[PDB]
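Chain nomenclature is as follows: A, B, C, D and E, assigned in order of appearance, with residue numbering initiated at 1 for each chain independently.
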């Protein structure tokens, strides 16, 4: 009977150790998509912080160019519970420092027009871009 | 036996003596929580330094967005002996240089108003108007 | 066999005696504390180097703000053989880079006044602060 | 006679391997010291470049404050073939950038007096300090 | 307690084996430092433990260097520093894996099979008949084997690090597109001689004193029946494998403390 107990210790101790590597050592949310055609994505890799006012609300799950019009189309990762976004928005890529990480910092408001409030969810395309943020302007604006 | 039981008692005592001393040289504070409405925390992580005047006093042990208004609701960890703090406070996000860890250095003054002093303890959702850095607004400033 | 246990003991004793002197050097000095009133120590952690002109002279820990006047009161760790330091002393925080340690690099000099020379040892206080290693102060000023 | 052959190969194969690893990992000179008392040494560690005019000729193998006068007493490593350097010398701390090492770049003239040419060798304490850079406070006050 | 008396037998028993290990080895290396007999006698033992253990070291040595050159190549490229590969596998081999892995395989091949030859030589009473020949076997058959270990394993490590570091110079330089003159260049000023190069020997030569002693002791007090001898072989591999890691954690504390 001594061996049937000690195997049960051996099988149980591997089970606590199995949780210890996945719960403590290594550790998500179903979202909806949103299209966005840009004009310059040089430096913005996938999973960069998609943010509202700086506070992150999404990640980049799309680095692809559509091979028919040559406007970089990114599909965003905005969570399912975001249900009251008016269409009034601006889209711009920022950095968080001189060279932080080249993250997307989009603009939004509550600016209701008098033609309804068009919602922004489940795959809308936003017609805004900020192709100015380059490492070529500051070497052309400090000296010309 | 006499010598056998004495040796079994001897080695068993030193095993519990070294185990207790190993717990000694190899190792917290009951606190109160305060909510906050930080405008931008991109770059601020969990357990970030909460500082008054740079002196670290608390931890940002939360990291969660309130899913109803998207003005970020952060619970702090402030020690229980901090019982004489007025409501006059500004809460600021600093970096301790260029790329530090984007810690929280808040300000508290002694501007006592003429309505009595309002206290900051046990669940006060303190209202800050920091609106933290992007720096590219100031980039265009010297690029007039 | 009355001799094997003796050479078993002498082997195990010299095993641990070789072991103990081995762990000894692989692991300190009686100093005096010196109080200091500051304004900002954000980033200066515990065990930070006290330095005079560039060479380390102590440890900066204490970690604790005096909760009646709210000036950061820091007791230093200055060695007991430091007995002939005049009162002309300035206390400055320096980083050694953009983000190194933000250690304390205090200034002293031999500006002996015409009223004798006051000494600084064993619990005195230098009311000469540095107050700033925040860039957001002065990069906030000139940029507006 | 088979076994005597293989060992002879093995010690040769031990020797072939030993010479290869020694030459790759291991790719010195007797000198004299020269004492130097300064006013600022901040940022300079040991083995930093000691240079005349910009080319390194020495090493700082000292790093220690003279614990009776509080003058930073630094001994250098000038090569033993240097026997024609006069007393006209000015010791200056340079960085080669904003952050290289904050090394030593001293200056020596050939200006002979009317009282013989005194030499600097084998334990001389050269007296023309730089009172080196206050660089943080230099950036701070100019930025205002 | 009734069960605490079963531990009282063991606490005396397990210490008397340590008394036997010192007492056997102390008799093995005292008196008559003869060299006319032993010098051909010892060189036959280096064919036993040095030459046969040579092939397993080099064919495993190329696999460690090729893995560390492959796995290390991903970690440098995510931190964008190509030149660090030469000061990585040179660093990692010459102070961590060189003394630890080579001593493991030496306990594997030469550590076990030495213990088999000892206990078998008592099982057929070649030991017990040599006392009738009035020749003390501990200076006669043990000390040719014991010196055959501690001389061998330092020469087993320096062959291991060299063929280990050569295979590391293959997959990074040749296959994964790095200039050859750049790779050795960072390695030239990488490591010193005084606390790195001789330090590899200090970790290795203190392993050979333990593994050879722990192997040849288990052959001397094993039960001479055919059951107890193979029990002693798998007791030798498990006891050396704790002693190599029980020492290395101590010997990495002094050098880098």
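What to note about this one:
We adopt the following convention: contacts are C-beta pairs under 8 Å (C-beta built on N, C-alpha and C of every residue); 3 or more make two chains touch, one makes a residue touch a chain.
Common neighbours of chain D and chain E under the contact rule above are C.
Taking the mean of each chain's C-alpha atoms, the chain whose centre lies closest to the overall C-alpha mean is C.
When chain B is laid over chain C using CA atoms, the rotation angle comes to 65 degrees (nearest 5).
Ranking B-E and C-E by contacting C-beta pairs places C-E first. Rounded to whole angstrom units, the spacing between the C-alpha centres of chain B and chain E is 51.
Between the Cα centres of chain A and chain B there is a gap of 27 Å. Chain A and chain C have Cα centroids separated by 44 Å. The residues of chain E that reach two or more other chains are 12, listed in rising order. Two chains count as a pair here when they touch; such pairs are A-B, B-C, B-E, C-D, C-E, D-E. Within the complex formed with chain B, the residues of chain A that make contact are 49, 51-57, 81-82, 94-98, 100, 103, 105, 133, 137-138, 141. Residues 1, 3-12, 19, 22-23, 25-27 of chain C are the ones that touch chain E when the two sit in their complex. On the chain C side of its complex with chain B, the touching residues are 39-44, 65, 67, 70, 72, 95, 98-99, 102, 133-136, 143-144. Residues 4-5, 7-9, 11-12 of chain E are the ones touching chain B in the complex.
If you check the complex, the residues on chain D that touch chain E are 2-4, 6-7, 10-11, 13-14, 17-18, 20-22, 24-27.
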